[PDB]
Structures are given as structure tokens and as C-alpha cells.
Amino acid sequence: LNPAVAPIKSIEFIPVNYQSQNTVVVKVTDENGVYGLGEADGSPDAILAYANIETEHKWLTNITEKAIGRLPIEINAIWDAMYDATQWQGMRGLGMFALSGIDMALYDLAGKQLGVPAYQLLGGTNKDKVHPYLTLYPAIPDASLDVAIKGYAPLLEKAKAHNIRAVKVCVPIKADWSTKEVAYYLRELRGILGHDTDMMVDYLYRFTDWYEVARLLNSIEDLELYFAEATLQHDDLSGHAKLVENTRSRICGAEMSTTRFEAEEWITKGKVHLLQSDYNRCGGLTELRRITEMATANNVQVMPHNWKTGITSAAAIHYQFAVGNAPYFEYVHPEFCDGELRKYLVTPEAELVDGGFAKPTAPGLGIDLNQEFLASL
Amino acid sequence: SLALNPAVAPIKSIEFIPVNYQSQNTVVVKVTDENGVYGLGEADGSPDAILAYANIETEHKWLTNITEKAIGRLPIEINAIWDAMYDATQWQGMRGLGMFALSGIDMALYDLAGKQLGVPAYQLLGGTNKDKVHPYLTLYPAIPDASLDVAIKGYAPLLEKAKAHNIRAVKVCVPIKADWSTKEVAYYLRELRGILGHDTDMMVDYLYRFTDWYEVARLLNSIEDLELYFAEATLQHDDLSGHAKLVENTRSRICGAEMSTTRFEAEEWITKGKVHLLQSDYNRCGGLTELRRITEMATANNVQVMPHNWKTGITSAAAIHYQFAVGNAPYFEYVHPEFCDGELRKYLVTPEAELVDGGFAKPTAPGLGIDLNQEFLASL
Amino acid sequence: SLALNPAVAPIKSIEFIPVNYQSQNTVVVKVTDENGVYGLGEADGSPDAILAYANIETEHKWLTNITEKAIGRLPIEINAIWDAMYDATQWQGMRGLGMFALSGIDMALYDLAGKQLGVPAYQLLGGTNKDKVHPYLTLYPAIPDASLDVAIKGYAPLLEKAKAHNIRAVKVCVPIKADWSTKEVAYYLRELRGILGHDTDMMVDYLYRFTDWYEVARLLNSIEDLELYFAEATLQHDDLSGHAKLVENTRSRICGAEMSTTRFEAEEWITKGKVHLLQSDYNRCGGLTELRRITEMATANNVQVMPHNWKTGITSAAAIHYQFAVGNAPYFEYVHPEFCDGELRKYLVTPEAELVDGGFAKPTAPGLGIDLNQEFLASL
Amino acid sequence: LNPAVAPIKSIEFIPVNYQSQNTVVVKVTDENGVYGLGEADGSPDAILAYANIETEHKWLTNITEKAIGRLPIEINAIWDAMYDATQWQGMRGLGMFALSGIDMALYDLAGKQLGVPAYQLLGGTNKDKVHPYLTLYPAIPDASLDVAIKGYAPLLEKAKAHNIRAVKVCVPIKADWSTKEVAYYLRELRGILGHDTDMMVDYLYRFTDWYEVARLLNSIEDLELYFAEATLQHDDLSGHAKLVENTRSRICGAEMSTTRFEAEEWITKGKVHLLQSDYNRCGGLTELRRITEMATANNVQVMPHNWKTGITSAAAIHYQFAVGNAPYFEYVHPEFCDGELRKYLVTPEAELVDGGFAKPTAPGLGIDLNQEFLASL
Ligand SMILES: [Mg+2]
Ligand SMILES: [Mg+2]
Ligand SMILES: [Mg+2]
Ligand SMILES: [Mg+2]
Ligand SMILES: [Mg+2]
Ligand SMILES: [Mg+2]
Ligand SMILES: [Mg+2]
Ligand SMILES: [Mg+2]
């Protein structure tokens, strides 16, 4: 057998704060010193504590215990083991963020051992390139319609200049615009962007009444927006079904969810067009694979939520090549987003050429920490 | 014009206190108002994971420290505060561990609000028309997992003791590591039922040892004659469709939601799981406030609620108040000192409700009628 | 051991007081405790029919005098008392007039319980996270039923006045005896909408003038451009299947349950009527206690609740407290003195909530913050 | 990268007949001479002709064409590429058997290149041992009850002696026994075997009326059989549903089906408790993985049909370890079967101990052709 396939020796959770952007790097190392990198969402110190709890019983075990000593190649089996041993407090919520980080690191570690890029461990690909949609947000107050539009105007011009195939814009949380003003706002941005680029919208959960949201969405149908994200409260699945039944917009769901079980509910009860389960929240690449194959059979697209560091971004590219079932996937690019962690935490940076990425050639996720940057916090 | 109650003072601080005993542990939640008056509650989950969660730093609209939205609020507005805490913590507290922390605070608010207004907690949940409540007691002997004869011999004295004290209902378990075939489990339960007799209701906890509904159905159907009250933790907790199969192909009461959180998961168990009874826990699912919503919803759908309960006397006190004002079933889970091992359960708080003839009388003290036994607590 | 609140005293008597004005009438319900402290509420229905109902003689388990089960109970146990009264009166009070009487008592309990504990009523319903609430005002000019030009001319000054006072939303009605064709109704509403402008939400009450859903659908669909908030009393109140048709074939919000009683009828409107909004009345459907259950149920099903409200300042006070702690919609029905005729509505009780910029601030007085204006009341 | 992961160079379909019994071996060789073995069901000559057709258009392509030149590690991608290019005549039926053989062979090849057993390429395992059910059938005339019961007698006893945990008996096709006689037959067999060993029953499609079958199955509920296979005609899904709705027996389906699309129908329309899609018919291990994960979500067990040579039997052991969701799986063992082909075609044979198999250790499927036996034609 392949000697490089060695059992996991250790797994450490490494908080990384930068003055308030942060993440929790997950490092899994085998007995030969080779290691994989992943990252978990959630308050770094809460995640670190959870990752260091004492095992108490069958359903309340330390998350890393079931992985240490196992062969990194058995990613599916290791996932089941960790999940089963942590049911008392990790079936949903924060605990799943920790499991995600480990699952992610395993694809990077397994890739290095076998000498293959992570997407080849996920089924391989028939695509020659993938194209992300970029989430854009200017450094604005929440501001006024004028400030917001002026702040977006250039990011949108820059996107078109770079031939980005799709972009997502947001409605400022603290903004107090009426739905009539939101429509105007979106019309103005779409006016700036043009119709050759797909445009997604994140309403940041500013609504609670499906009826009002339906009136808004049905009034801007002419804008041919790609989707409507975070319209109603995340727990309001029946409310989302109402939107699907009464509008012609693509309705998204599950951005903050965890596991395929919550994903299944969004599909059947929420009737949503697209799931946004996050790499570093819902159960990693392994759970996103099950979620996506289930989604496909149900005519539901999956565009995993993504706004962390270069670690998740790398996982995102690999996901899109072997698992993705949609035209785009969420990605945060350094030239279209402020944030040092995203910018320098890991290297190298995937090269975006004409709005797309080429197939990964390096082992695993093809990334490593920028010791220099990390050396300074 | 009439002046308002002076005792209804703003909350000044919220403290999470982990308590381990050498294992046995819990997380005491103490909410103190402007005048030094306080309420006690407790949260499930690894005490140190919970402690760290309770001390995180606020980052944005949906990622706030759980206590932040409670500080400065009047303890009497429990429902509003619950919503304030939930909304501000959606990023990592909608489900799982995070809800355990919110649960502990909610529980404490009933105790505190009760003291400020000078009324027992159940009167803040609607009052009661019951004069007494009767819990079912969960029994488990000290047996190594053990074998058939070993397990039966170990349960025997507990079952006789319960009959002697007139306990109206008890729950027995199938040991986790026991490798008994389904037929041996059937034998096992027949033996226990035989020892106990049929005047006492018997619930059974299978400790999630099954994954195939058909096998489980064959089991439960083979023991209808035992007239067991319910079948708990038969299939894996995520297998809601599997529970539905059980309900559709057997005549046993099927339970669910013991490890769940929030009324949203509870609703799914009701509609998709089709279960006859929900076991959402006081210190996990959202405290008494969420249990009230879950129970009123459960009643409308002909579903009983018997909250999971295996912590300290803090949750036990909450359970009695719950059963008097909210409970919609004949029994509710309760762990009694004389019927279990657990120094933490026996000594952490005082006083202890007096079980008379297998029932509890209406609580009379303000709030949850409990307090920390500092000597025990100080003894480490 | 801590002593309980002394102010929480048993209820000693319950009195129903009919009040007519020459027509305008109501039934004041006064609940007095051991120490003379009392709460006010009011019941809908013919005052003399209600009076007689409130004084019937107990005959058997299900045919009891409504007050009997409340007398001797601590006002703080509102939910338990509600169940006690309901269960004992099933023979003739489960629906209809009988529930009006129960509603009045429940409302009074919030006022009384509030005074004993020294807290505003909304704090007994869970508190609030809102700083202000905004009602919609129902407008109707003095017009004989009138004709198109007559009705429009009459509504004009009311609509301008509302805009001047910054009322966030208003409701207009289609006169009952008006024989306008559906096309004339469409014209009518277009005119009113034109006068009002689009910054103020406009609700429409059709006063049950229709019986054919298809005709109604054609109407509502022809006026989508008016962006009306909702369509109330379109089809007959018993026609739940007809409302479903409307919801399925139009894009207007369809209301229901304005004249209904209990959460059981409310549930049917939700599931069978498929309505977007319930209008169960404070003084008809079961008071604030039942409105709380109906609203929490409505929210889970994405249904708004704007309780019907057209009585005296007693229900108006209840409405504000309701909206702060229970309401799940942007507005709620309210009748304001400066926007209506009604000596009973204007003078029966004091003080009057101050509408500032079309909104109400948090109530501060105990209970419902109201009391009988004996001079007015004494003046017959 | 990993030098061993080389492009596929050729794919050969080799008919194997015995003087009756036959199969079609599938040999996929990479650019280094390393190869993987697999087998396809169906008339060997029909299959060979199908594997040698000429590409005509987008949807009518030679099955091997989309695999040649591809890295065998990208099994999921190759599966899609082959399926997509052969839709015109390979979406269902015979065509899928061929695709199945190639898919199976890719797991063996990919396992050899990476130097890991096939099951690790399917997720790994947390099971230490797997236990098959053995399909038994005596060499009997169709015969009378007595004769049939007599033939099964020794086999049953031998099964108990070898501690086989589960066995499947069949009702002779040409047997003209009434439903009452079939019931007597099964009672007699259950008596001989005992209840400590699970017993499955294959009725070989002798019924067409669900009502009659329900009566039979409801009358032998006391025998507590594990399942009822091939009761009604294979196209009669609505009929299987009536069986499920009116009896308490586990009802099987999909034995002769292909693709996860037919399997989904069996689950939702047929309401069956267990699927029997075959490794060498339905789309191979890749499709069995999708079918099983879908089945698990629907509380449906999967025990893939298996009656070919040691090539499929090997694939079956690996399947059960990493993908299987049921306590047993079909297996044909040489000491319990009478097939020269099943015994000699490939080596080595997995060791059955106390009714179970240990985790495979050799790369890929761990089998190879027995040249001598083959040279014997
Ligand atoms: Mg978002
Ligand atoms: Mg489909
Ligand atoms: Mg349990
Ligand atoms: Mg009901
Ligand atoms: Mg009306
Ligand atoms: Mg809902
Ligand atoms: Mg067969
Ligand atoms: Mg399921």
C-alpha cells in the first residue's frame, strides 16, 4: 500500500485575529509531519474552547478524538465518527463549525498524501474552468441611497472592467429605506452594472413579512436579478415557501444553516431555488457533497456561502470543479474586498483570468500559511 | 396616578458558573438586578465550552455576546428579552450549544422575576388548576454495559422501592453497550415489567441503539401486551422520517426531540416525525419560555410534552413549576435524590421539593424556590 | 424563606355593567379583589343579553355561571382562570355571545393583575422590544347609504386630516346600503386613494357586500395598482372556502375572523380560509389571553393579526398593550376621539393615550392604565 | 503530483463462457500497463458488439471513447462523461451494463495507482467486519415440495455449521405450487434452518396479483422472514406499493433496474423497503453510492443483487464496507454455490470466517485473472 497514507497524529485549532476580522485555522498533521489546512467559523475563543473539552460519554466526546489515529483518506468515515461521538452538543450550531474545519483540512491532507488536488478526491471534473460571482460592498456609513450608490458605482465599473461574470450587492442593514426606495436603489445599481453581468442581491434579513417582500420582488422583475438572498428571517421556512409560490425570483436559503438535515428542510419546506450552506459551517466539503447531490435531484442550485480567508476560497474553487451544480459560486477576491486576513493569511492566491479560474494542479487545497504575516498576528 | 413596583429593577449582571464534581457537572447561571436580587438557572453542555461562549466578544448584528441584550432589561419582560437575545446571536446560537446558554438565562429570569414580584415561578407562566403534579422517575442501577441477568438484578430493587414509595411511573433503560438481540431486549423488558406490575406506568429509554425502523417496529409490536407508556430514543435523533415509519407501523407512543433545540426543530418532529411526545430539555431548547410555546403548539397537535431532565435541583425546580402551569401530560421527567446517584443533583441547591405519595404540592416560595448551598459549593 | 406579594389577593366579585348612550353601548366588566382593588374590561354584544348571561344559575358541570370559576382565584393566574371559566361553560359559551362575556373578564384580569403587581398590562404579556406602536385608524364620515359623490366628499376631510396628523394608515369603508356596481366601487376606491396619496397605507372594509368570490376577485385584481394594504369583509363570514379562492386568485391581503370567537375558529380561518390576516376582537374572541395564543399561532403560519376594535377606551387601552407585547403586524385597529364620533368612546374612561406623530409610547401606569369617568357615567 | 496516476490507454471487453455460465470482463489499462478489472451483465456477444460500435453523434458515442485518456481517479467525472455521450441508446437497459463494468474497473485501477483498497476510494469504513447473506439453491429437478425441501436441507445445515448469519432460499420458477403450498414450503424450510439465522425469500416473479401475494405474506408472518424479493412483476411498481401498504413484510424491488432514476421511482412510487440494483447492471459502484445515500435518507435499505463471478463479489465486499447501509448484502460463495466460473475466473477468494469478511488489504478490488483457467478457454 501507499506509505504516504499515514494516520493522523494531531489536530490543533489556531485562532487568528487582526485589528475585527478573524478565523480559526484547523491544522491536521499525520505521523510523518505532513499536514492539511482548513478553517472553522464562529467566535475563535468559543471554537478553541469547544475543541478542547473533556470527553464525558458516548455522545459528548472531544471532536478531535475520533479523528486522531485515523487515515486521512477515509474522509467520509471520519466525518461519521466525529458526528456520532458529538451528538450531545454538536449536531447543529457552533459545534458543526468545528467539525467543518476538520473535514476541510482532511481534503488538503489527503490530497498531499496521495499527491493529487482536492477536487480529484471529490469526483474529478469535466469542466475546464469555473466562474465565481463576487460579493461587493463599499466602505460606506448604514448610509443614504446616494452614498450607497456612489460607493457601489466604482466597484461595479471595476467588475465589468475585469469581465467578472456575476456580482452580488447588498442592501445596508442599518439603512432605513422603504421597500419603494430599495427598488429604486437596485434599479440604479443594475443601471450602472448593465444587463450583461448577472446581479445577485443580499437583503441582509431586513424583512419579516413575506407579502411586503413579494410586492418588492414582483416590482423589479424587469431587472432580471439572479437571486434574492436573506429576504425573510432564517427560521421562517414557511415564509420562504410563500415567496417562492408568489414571485418569480430565485429565492435562496440556508446561508447560516448546518448539516444536510437542515438543508433538506429548506428544499422541501422552504421550496427554495438555491442553498447557501457554508463550507466552514455546515459540515465541510463532505457534507456539501451530500447536500449538492440531494439538491440536484430536487432542481435546487447550491452556491456555498463564502466570506472567510484564502483557506475557504481554495476549498470553494475545488468544490465548484467537482461538486458544484450551479453557474457560479460565492468567492471573495482580494482586488474586490478589503481585509488583510483574506489577503495575506495564505498563499498562493488563485489567479482570476477573465472572470474565471483554471483547474488546480497542486496537492490538496494547494495552500499554506503566510508564516511572515502570521508572524505579526 | 399609581406608582409602579419598585422591586422590578434592571438586570445588572449575568454570570455563568461551571460546577464540576469528582463526571458530574453543570453551568449555573446567576442573573442579578440593580438591588442585588438574583435568579438561578442552569445550562447544559461542556461547562468550559459554555463558559467561553458566554464571554465572547460582540462582532456584528448577528454575532453578539448572549448576556449583552439582557443587561439593563427588566427581568419581568422575559419573552421580549428572549427575542432580544435570540435575534442578536443568530450567527452561532440559533441551534446547538449556543441555545444551551440562552436556556440557562431564561430559566434564571423566571426565578429572578418571581423574587421581584414575590410570586412562585409557575404564576408567571399562567398559574394552575392542578393541586398536585406527579413525575415519572428515571431509574438506572449501578451495573457494569452489563448483561441480562446482571441488568435485571440491578433494576429489581429500584423498581420495588418505587412501588413502595408509590411512584406513579418510572423509566428504565436498555444499557448502551449491551449487545442484546432485539429478542433479548423484549425478554429483558418483559422481566422488568413483570417485577414492576401493571399499576405503575413504565417508560423505556432505548438509548439510540437502533437505526432500522422495521427492526424497531417488529420489537415494539412484539411487546404491546406490556402496555409500556412510551418508546424513547429508538432511532437516531436526525432520523425524523424513520420515526414517522414507527408511528405508522406500531401502536406504541414514539418520543422525539430529547436532544433538540428551539420550537423550530420541535415543530418538525411533530409534523415530519409524527411523534406522540416531545422531550425538549429545559436547559437546552430555550428554557421555560420556549417550552411554553412548544407545549401550546404540541397540545394543538395532540402531542404530549415531557421535557428531558437530568441535571441538578435547579432544573428539577423548573420542571415542577413547568408541570403545574404548562405541562399537558400526566407525567414529566424528574430525577429524585432517593432514586439516583448524584451528589451534584442532591446537594447543589436547597431546599428539595417534598415528594408526597408520588406527587408534588404547589410551590409557595418566590421564583423557583431554590438557592445555592454554599457549604457544598465551597467544599469545591 | 421570603414571603410572597401581599397585593396578590383573591378575587371577591365580578360585575357586568351595561352602559347605553342616546345606539352607543357596551358592557363594562369590573373585577374586584379582597382589598378593593379592581380591573376594568368590556364585553361586546347586546348589553342586556350579556347581563342576563352573566347572572344565570349554575345547572351542571358544563353549564356554570361564568363568574363562579373566577371568584376566589388570584388574578395573576389569568391563563388558568381562563381555562377554568371555559371548561365550566362549554354547554352554552364555547362560541358566540357567551365568549363575549368571558372576553370582558379576561381583559379585566390584566388590568387588575397589573395593579396588584404594580406593572403595566403589556409586561404581563411578555414585555416589548418596541419603543412605539402605530395604529391604523378606521374612518367613516357622517353620510346618508350615501352615493358616490356624497361618500367621496364626506371622506375627503377625514383623509386630509389624517395626513395632517401623520397617521401612518387608515381604513375606509364601502357604505352598506350603497348599491354601487363593482366597477363603481373600484372608481370609488381610486378616488379615495387619489385624495390620500401613496405614503399612507389604506385598508378597505367592504362590509360583507359580496357573496361570489369570482366577482370579488375581478374587483381586487382590477385595483392592484392602488396598493391597498388589505381587503376586509369581502365575502360572508361563514364562507371560508370562498376566502381561500380569493387568496388563490388575487394578490391582495385577504382578512378574516373579524366576528369570530376562540382560537379554534381562528385556526380554521388560517388553514381553510388561507387568509393573510386575522381580525379576532379583544372583547369577543377570548380577550388578550386568547389573542396571545391566536397571534403566536398566526405568526408560525405567516399570518398577521390586527384585532377588530370599535368599542370604548377600555378596549383601546387593551389594544395598545396588545400591540406592544403580542402584535405581529405593522399596525393594529384603533379608533381615535379626534377621528370619530362617539361620546361613549371619548368620555367613558380616562385618561386617553396620547397619539404622537401617529404613534403611541410605552404605557407606564399599572394594568391597562384606565378608569371610569364617574361624572360622565353619572350623567347617565 | 502523483506519477502513478496516469491516463487510461485502453478499455477491453472480454467475453468469458464456460461449457450455461458466462460473464464479460472489463479491463482498463493506463499508460503504464497497470490495469483494473470489472464485469458487465448481459449476453456477452451483445455486450461486446455494444462496446465496439462507431460514434455517430453527440448522444450516440462509443462508451469507451469518453474514458480513454482520462485519469482513472476522476471516476465520478468519467461516469458523467460516458453517460452523457451515450444517452441515445445507453440511458437504461443493456447499455448501462457496459458502463457498469467500466465503472467497476476504474475503482480497481484507481486503487492500484494510489495503492489503496477500493473501499477507501468510496469513503473508508468504521466497520471492522461485514456479513453477507448467502443465496442458496440446490441442484433439483421444477420439482415437488418434498424434492425441493430435500435439496435445501443439506445446504441449510451447512450454512448453520459455517455460522452464516443470513441465507436466501428460492421458490422454483416452474414449480406449480399453490400459494398455500408455497407457504408450507417456507414453513418447512424455516423449521430446518431455525430462527437464529435470518432467512430471505426470492419468489422469482411467480405472481401478478398483489392481493394474492398479500394473503401469502400475511399468512407466514410468524416465520419472521427478512424480506420478500421478486414477488410481483418488475414493472409493477404501483403493485409493490399495495403490498407494502397491506402486509408487514419487507418488500424488495429494483433487482433488474438500471440507474438511480429507476431506483428513485422504486422508493417513491413502489414504496419498497429495500433496493437490489446490481453492481454490474445499474451503473456500478459510483451509481450504487448515489443510490444508497438516497435510499438511506428515505429509510430504504440496499443489498445489491449479485450473482456473477469473483469480480463482482469483490466489488460487493468493498461496497458493503464503505457504502452499504444494511446489516447484510448478497454474496455467492463457492462452498455454497455450484459455479466453476464463480470459483476460478479470478484470484484470490476472500476468506469467510464466522460468517464475515475482514477489511480488504490489497490495492483496488484485490483480484486478478486466473490465466490457466482462462487458457482452458
Ligand atoms: Mg449573505
Ligand atoms: Mg429529480
Ligand atoms: Mg433519554
Ligand atoms: Mg387540534
Ligand atoms: Mg369591519
Ligand atoms: Mg412557519
Ligand atoms: Mg433474485
Ligand atoms: Mg429522512
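What is reported rests on the model, the rules as stated and the sources as named; these are not laboratory values. Neighbour counts are summed over all protein chains in view; Cβ atoms, including those assigned to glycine, are modelled from backbone coordinates with ideal geometry.
Need a quick list: helices (runs of 4 or more DSSP H) entirely within the range B:153-271 having at least 1 residues that are within 16 Å of ligand 2 (Cβ to nearest atom) and among the basic types (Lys, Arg).
Numbers: elements: B:182-196, B:213-222, B:240-249, B:262-268.
It comes to none.
In this structure, does A:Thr296 turn out to be more than 14 Å from chain C (Cβ to nearest Cβ), more than 16 Å from ligand 1 (Cβ to nearest atom) and under 21 Å from the mean Cα position of the chain (by Cα)?
yes
Being touching a strand residue (DSSP E or B) at 6+ places or on another chain (Cβ under 7 Å) and of a type in the set (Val, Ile, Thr): is that true of D:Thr292 here?
yes
Just to be sure before I move on: is B:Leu117 farther than 21 Å from B:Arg293 by Cα and outside the structural domain of B:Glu77 (by CATH) in the structure I sent?
no
Considering every residue within the range D:128-138, establish whether at least one is within 30 Å of D:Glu56 (Cα to Cα), more than 14 Å from chain A (Cβ to nearest Cβ) and not hydroxyl-bearing (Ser, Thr, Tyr).
no
What are the pairs with Cβ atoms under 7 angstrom where one residue, in the range C:169-184, is farther than 21 Å from C:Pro135 by Cα and the other, located anywhere, is assigned to a loop (DSSP other than H, G, I, E, B) and among the aliphatic types (A, V, I, L, M)? Sequence gap at least six, or different chains.
Listed pairs, sorted by first residue: C:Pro175/C:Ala146; C:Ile176/C:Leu207; C:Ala178/C:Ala146.
Specify which of the listed residues (D:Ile14, D:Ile68) is part of a strand (DSSP E or B) and either out of contact with any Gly (no Cβ under 7 Å at 6 or more places or on another chain) or assigned by CATH to the domain that holds D:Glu262 (or both).
Answer to the selection: D:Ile14.
Which residues, counting only those in the range A:209-232, are in a loop (DSSP other than H, G, I, E, B), within 12 Å of chain C (Cβ to nearest Cβ) and of a type in the set (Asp, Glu)?
If the condition is that a residue be in a loop (DSSP other than H, G, I, E, B), within 12 Å of chain C (Cβ to nearest Cβ) and of a type in the set (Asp, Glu), then A:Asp209 is the only one that fits.
Give the number of residues within the range A:216-238 that are within 20 Å of A:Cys170 (Cβ to Cβ) and either within 16 Å of ligand 6 (Cβ to nearest atom) or among the basic types (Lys, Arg) (or both).
5
Which of the residues spanning the range C:29-43 are under 13 Å from C:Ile17 (Cα atoms) and assigned to a loop (DSSP other than H, G, I, E, B)?
none
Mind checking which residues of the range D:66-91 are under 18 Å from D:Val24 (Cβ atoms) and more than 14 Å from chain A (Cβ to nearest Cβ)?
Scanning the range D:66-91 gives D:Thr86, D:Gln89, D:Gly90.
Looking at the structure I just gave you, is B:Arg293 away from every other protein chain (no Cβ under 14 Å) and over 11 Å from the mean Cα position of the chain (by Cα)?
Judged against the criteria, B:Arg293 is not a match.
With a cut-off of at least 1 residues that are of a type outside the set (D, E, K, R) and within 15 Å of D:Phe357 (Cβ to Cβ), name the helices (runs of 4 or more DSSP H) lying wholly within the range D:259-335.
Numbers: elements: D:259-268, D:284-297, D:310-322.
Helices (runs of 4 or more DSSP H) meeting the threshold: D:310-322.
Exactly one of (1) crowded, with 23+ Cβ neighbours inside 10 Å; (2) touching a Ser or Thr at 6+ places or on another chain (Cβ under 6 Å); (3) within 14 Å of chain C (Cβ to nearest Cβ) is unmet by B:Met99. Its number?
Every listed condition holds for B:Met99 apart from (3).
Pull up the range C:266-278, narrow it to residues that are surrounded by fewer than 22 Cβ atoms within 10 Å (Cβ to Cβ) and more than 14 Å from chain A (Cβ to nearest Cβ), then point me to the one that is nearest to ligand 1 (Cβ to nearest atom).
Looking at the filtered set, the residue picked out is C:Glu267.
For (1) within 16 Å of ligand 6 (Cβ to nearest atom); (2) assigned to a helix (DSSP H, G or I); (3) in the same structural domain as C:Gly41 (by CATH); (4) of a type in the set (A, V, I, L, M, F, W, C), each residue gets a yes or a no:
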{"residue": "C:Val275", "(1), (2), (3), (4)": "yes, no, no, yes"}
{"residue": "C:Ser280", "(1), (2), (3), (4)": "no, no, no, no"}
{"residue": "C:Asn283", "(1), (2), (3), (4)": "no, no, no, no"}
{"residue": "C:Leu291", "(1), (2), (3), (4)": "no, yes, no, yes"}
{"residue": "C:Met297", "(1), (2), (3), (4)": "yes, yes, no, yes"}
{"residue": "C:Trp310", "(1), (2), (3), (4)": "no, no, no, yes"}
{"residue": "C:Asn328", "(1), (2), (3), (4)": "yes, no, no, no"}
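Kindly evaluate D:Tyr331 against the criterion of being of a type in the set (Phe, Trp, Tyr) and closer than 18 Å to D:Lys168 by Cα.
yes
Filter the range A:240-270 down to the residues that are within 13 Å of chain C (Cβ to nearest Cβ) and buried (at least 24 other Cβ atoms within 10 Å of the Cβ), then identify the one that is farthest from ligand 6 (Cβ to nearest atom).
Of everything passing the filter in the range A:240-270, A:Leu243 is farthest from ligand 6 (Cβ to nearest atom).
Working only within the range C:189-227, note down all residues that are in contact with a strand residue (DSSP E or B) (Cβ under 9 Å, 6 or more places away or on another chain) and within 17 Å of C:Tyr140 (Cα to Cα).
Listed by number, the residues that qualify are C:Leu189, C:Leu192, C:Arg193, C:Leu196, C:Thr200, C:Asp201, C:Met202, C:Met203, C:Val204, C:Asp205, C:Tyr206, C:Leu207.
Considering each of D:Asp80, D:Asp103 in turn, give the residue that is buried (at least 22 other Cβ atoms within 10 Å of the Cβ) and within 23 Å of the chain's Cα centre (by Cα).
D:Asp103
B:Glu258 is checked against (1) away from chain D (no Cβ under 14 Å); (2) within 15 Å of ligand 3 (Cβ to nearest atom); (3) more than 17 Å from B:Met203 (Cβ to Cβ); (4) out of contact with any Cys (no Cβ under 8 Å at 6 or more places or on another chain) and fails just one. What number does that condition carry?
(3)
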